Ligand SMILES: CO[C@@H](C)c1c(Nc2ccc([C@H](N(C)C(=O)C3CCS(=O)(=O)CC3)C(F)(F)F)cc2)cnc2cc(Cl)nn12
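The chain below stands alone, shown as structure tokens; this is the form solved without this ligand.
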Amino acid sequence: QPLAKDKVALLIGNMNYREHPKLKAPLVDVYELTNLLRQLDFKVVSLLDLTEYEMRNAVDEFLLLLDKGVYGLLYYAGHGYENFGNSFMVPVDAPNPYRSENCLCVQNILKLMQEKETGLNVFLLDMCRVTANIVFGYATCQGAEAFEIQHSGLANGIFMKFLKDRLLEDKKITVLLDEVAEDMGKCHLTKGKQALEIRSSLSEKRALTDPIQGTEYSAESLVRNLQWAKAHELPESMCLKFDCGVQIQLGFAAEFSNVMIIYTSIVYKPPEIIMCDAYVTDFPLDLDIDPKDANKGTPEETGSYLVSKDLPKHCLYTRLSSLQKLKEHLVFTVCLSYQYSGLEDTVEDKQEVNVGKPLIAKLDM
């Protein structure tokens, strides 16, 4: 009987704090929740390491998708702050000490969610310390150095560990979150360290597994919804042919909506060319790359650990992790060094590549 007009989700994970301890769990947690929600037919946007401005802009764009009957899920994992009975999401650029004005107020987002006529609105916070059918989950796990454990790096946070084991169930969201709360209560490590409070104003039997009804996008909501659904689409693979005859294959992969991996490999070397090597350079300055971190022999050397299963071997890898900062088309240079058989000189050739505005860059931020 219950139907969703559409299913949208925004997941934010903050790890690389400029003035606060770096977190490791949001990377794996946001990555695993993204896949789980996509299996439930949600159109997901996942963003890693956002500033105060970037966080406010992403939340505003997500709030704009919440039309009548739509199911929306917002997930935040990172540093949290509590002050005067209010809770705040701490962006990566927050100065030390914490100031409320530099953070996103959770209660204020809840207030904006209450004004929507959503079929379901799930807001989950995983922090380190008229009806809209709002189900609010508030997990607090202040620590990492407070447990004594030498963690895996690719290890899951406490909330996500139990959440991922139950999210795919066809059960009312409030009943499902109550089971996660019970699971955490059974875990002895959690005692006095983790906490979870569920607040709910859900007056009807709604679940994340509910089917999508007559979607029927309105006039002004059309572009917004198509753009959100397409921020998961990668640029297609390309084969670049150089003047000397050498062919380079350029491939693309994604960890998050703002993290893309570019890989290159020499697919054809004419017999006249004795030796050649290709590399990528001159990326837009807003991305803050540094050649000492690009063109690596393995994806792990670039800071990429999550999509090694989908990455072809024997390539050179580059990780672009600040795609949300891209204001224009992604234009870069593919450089080729080559030598003719019987010649001593090394020749240099280069061509520019324009892959448009990929993933999160499609959104009008």
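Definition used throughout: the rigid core is the maximal C-alpha set that superposes within 1.5 Å between two forms. Sequential numbering from 1, following the sequence displayed.
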>> Tell me whether residue 219 turns out to be unmodelled in at least a third of the other entries of this protein, restricted to those that model residues on both sides.
In response: yes
> With respect to the deposited sequence, how many residues separating residue 129 from residue 130 are not represented by coordinates: none, 1 to 3, 4 to 9, or 10 or more?
Replying inline: 10 or more
> For the C-alpha atoms alone, is the average B factor greater in 283 to 291 or in 175 to 183, going by the entry?
Replying inline: 283 to 291
> If you average the Cα B factors in the entry, which is higher, 46 to 54 or 307 to 315?
Replying inline: 307 to 315
> What's the residue among 165, 216, 204, 117 with the greatest CA temperature factor in the PDB record?
Replying inline: 216
> Taking the values straight from the PDB record, which of 269, 111, 193, 79 has the highest C-alpha temperature factor?
Replying inline: 269
>> Which third, lowest, middle or highest, does the C-alpha temperature factor of residue 143 belong to within its own chain?
In response: middle
> What third of the chain, by the recorded C-alpha B-factor, contains residue 197?
Replying inline: lowest
> In terms of the CA temperature factor given in the entry, to which third of its chain does residue 38 belong: lowest, middle or highest?
Replying inline: lowest
> Sorting the chain's CA B-factors, does residue 83 end up in the lowest, middle or highest third?
Replying inline: middle
> C-alpha B factor of residue 4, ranked within the chain: lowest, middle or highest third?
Replying inline: middle
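There is another form of the same protein, the form deposited with this ligand bound; it is not shown, and what comes next is about it.
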>> Is this site open or blocked for this ligand? Place it by superposing the surrounding C-alphas onto its pose in the entry with it bound, then apply the 2.4 Å backbone/C-beta contact test with a threshold of 3 atoms.
In response: blocked
>> Since only the chain is shown here, I'm wondering whether residue 320 would be in contact with this ligand in the entry with it bound (any heavy atom pair within 4.5 Å).
In response: no
>> So in the entry with it bound, is this ligand close enough to residue 54 to count as touching (4.5 Å, heavy atoms)?
In response: yes
>> Can you tell me whether residue 265 touches this ligand? I mean in the entry with it bound, with a 4.5 angstroms heavy atom cut-off.
In response: no
> Is residue 355 close to this ligand in the entry with it bound, meaning a heavy atom pair under 4.5 Å apart or at it?
Replying inline: no
> If we take heavy atoms and a 4.5 Å cut-off, which stretch out of 336 to 344, 311 to 319, 294 to 302, 42 to 50 is in contact with this ligand in the entry with it bound?
Replying inline: 42 to 50
>> If the criterion is a non-hydrogen atom within 4.5 angstroms, does every one of 110, 113 and 202 touch this ligand in the entry with it bound?
In response: no
> Can you pick the one in 106, 231, 134, 254 that has a heavy atom within 4.5 Å of this ligand in the entry with it bound?
Replying inline: 231
> Pick from 330, 37, 65, 306: which residue has any heavy atom within 4.5 angstroms of this ligand in the entry with it bound?
Replying inline: 65
> Even though the chain is shown alone, can you say which residues of 8 to 44 have a heavy atom within 4.5 Å of this ligand in the entry with it bound?
Replying inline: 8, 9, 10, 43, 44
> Picking from 209, 87, 264, 225, which residue has its CA shift by 2 Å or more between the shown form and the other one, once the rigid core of the two forms is superposed?
Replying inline: 225
>> residue 21: after superposing the rigid core, is there a C-alpha shift of 2 Å or more between the shown form and the other one?
In response: no
> Versus the form shown, are the CA atoms of residue 211 and residue 224 closer or farther apart in the entry with it bound, given a shift of 3 angstroms or more?
Replying inline: closer
> Looking in the entry with it bound, are the Cα atoms of residue 213 and residue 221 closer together or farther apart than here, the change being 3 Å or more?
Replying inline: closer
